[PDB]
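I have placed the structure first, in the form of structure tokens, so that the comments after it can refer back to it.
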Amino acid sequence: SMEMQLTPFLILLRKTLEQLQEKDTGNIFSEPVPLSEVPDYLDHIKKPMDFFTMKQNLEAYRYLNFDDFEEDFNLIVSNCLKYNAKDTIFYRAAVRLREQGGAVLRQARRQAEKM
Ligand SMILES: CC(=O)n1cc(-c2c(C)[nH][nH]c2=O)c2ccccc21
């Protein structure tokens, strides 16, 4: 709404992003997928995403509502489910992040709604 201030919202997103990174204990979502190792990655995946890129976007003021932020989190998860076979640790790590990160996101969104 018109009363909603920018700085507390960005502080909330920074904390939330840190909490999400903490759930990724393998740090497999911390940086872009190394395209040098998987030249077919972009065959399947239209828009790569990762937590470092999210941090850059956050600080560049690209996220001004919670949907902006959660959309890129969902990309991290969905890209990983799409690219990796179900029988891999990587696939299961996206499932775990969706669950555990989802709880982080729901509480953070509620904070944003109070602003
Ligand atoms: C998230 C995901 O699907 N992947 C993550 C990696 C990876 C990173 C980001 N660093 N080291 C890695 O192995 C990755 C690599 C190949 C294919 C998918 C990958």
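Along the sequence shown, the residues carry numbers beginning at 1.
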| query | Does anything in residues 61-71 pair up under salt bridge (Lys or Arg N to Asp or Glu O under 4.0 Å), and if so which pairs, sequence neighbours excluded? | reply | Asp67-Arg109, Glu70-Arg109
| Qualifying residues under side-chain hydrogen bond (donor to acceptor under 3.5 Å, both in side chains), relative to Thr53, sequence neighbours excluded | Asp50
| message | Using side-chain heavy atoms (C-beta onward) and a distance below 4.5 Å, is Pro48 in contact with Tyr41? | response | yes
| For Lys55, salt bridge (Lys or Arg N to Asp or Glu O under 4.0 Å) partners two or more places apart | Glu59
| request: With the side chain counted from C-beta on, respond yes when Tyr83 and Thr88 share a heavy-atom pair under 4.5 Å apart, and no when they do not. | output: no
| Yes or no on side-chain contact (heavy atoms from CB on, under 4.5 Å) for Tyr61 and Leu6, after CA distance, side-chain angles and deciding distance? | CA-CA 9 Å; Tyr61 305 103; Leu6 175 71; 3.8 Å; yes
| remark: Across all chains, not counting sequence neighbours, the side-chain contact (heavy atoms from CB on, under 4.5 Å) partners of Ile11 are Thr7, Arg14
| message | So, using side-chain hydrogen bond (donor to acceptor under 3.5 Å, both in side chains) as the criterion, who are the partners of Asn27 when residues are at least two apart? | response | none
| request: For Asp43, enumerate each residue passing the salt bridge (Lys or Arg N to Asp or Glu O under 4.0 Å) test, keeping only those at least two apart in sequence or located in another chain. | output: none
| said: What's the separation between atom CZ in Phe66 and atom CZ in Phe9, rounded to the nearest 0.5 Å? | reply: 7.0 Å
| query | Linking I/L/V/M/F/W/Y whenever any side-chain heavy atoms sit under 4.5 Å apart, do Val38 and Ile89 land together? | reply | no
| query | Can you find a heavy atom in the side chain of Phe52 that is under 4.5 Å from one in the side chain of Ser30? | reply | no
| query | Between atom OH of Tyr91 and atom CG of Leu81, what is the distance when rounded to the nearest 0.5 Å? | reply | 5.0 Å
| request: List the steps, then state whether side-chain contact (heavy atoms from CB on, under 4.5 Å) holds for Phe73 with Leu97. | output: CA-CA 10 Å; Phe73 171 84; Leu97 181 63; 3.6 Å; yes
| task | Would you check if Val95 and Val77 make a side-chain contact, meaning some heavy-atom pair closer than 4.5 Å? | result | no
| query | Taking only residues two or more places apart in sequence or in another chain, which ones pass side-chain hydrogen bond (donor to acceptor under 3.5 Å, both in side chains) with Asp24? | reply | none
| field | Any side-chain heavy-atom pair of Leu105 and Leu20 under 4.5 Å | value | yes
| Residues two or more places apart in sequence or in another chain: which of them pass side-chain contact (heavy atoms from CB on, under 4.5 Å) with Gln111? | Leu12, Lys15, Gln107
| Distance, nearest 0.5 Å, that separates SG of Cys80 from CZ of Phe90 | 7.0 Å
| Which pairs pass side-chain hydrogen bond (donor to acceptor under 3.5 Å, both in side chains) with one or both residues in residues 93-105, sequence neighbours excluded? | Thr25-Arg96
| Counterpart residues, ring pair (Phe, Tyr, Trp, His ring centres under 6.0 Å), relative to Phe29 (two or more places apart) | none
| query | So do the side chains of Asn79 and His44 get within less than 4.5 Å of each other, counting heavy atoms only? | reply | no
| request: Please identify each residue that fulfils side-chain contact (heavy atoms from CB on, under 4.5 Å) with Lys47, with sequence neighbours left out. | output: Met49, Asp72, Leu75
| Partners passing side-chain contact (heavy atoms from CB on, under 4.5 Å) against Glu31 (at least two apart in sequence or in another chain) | none
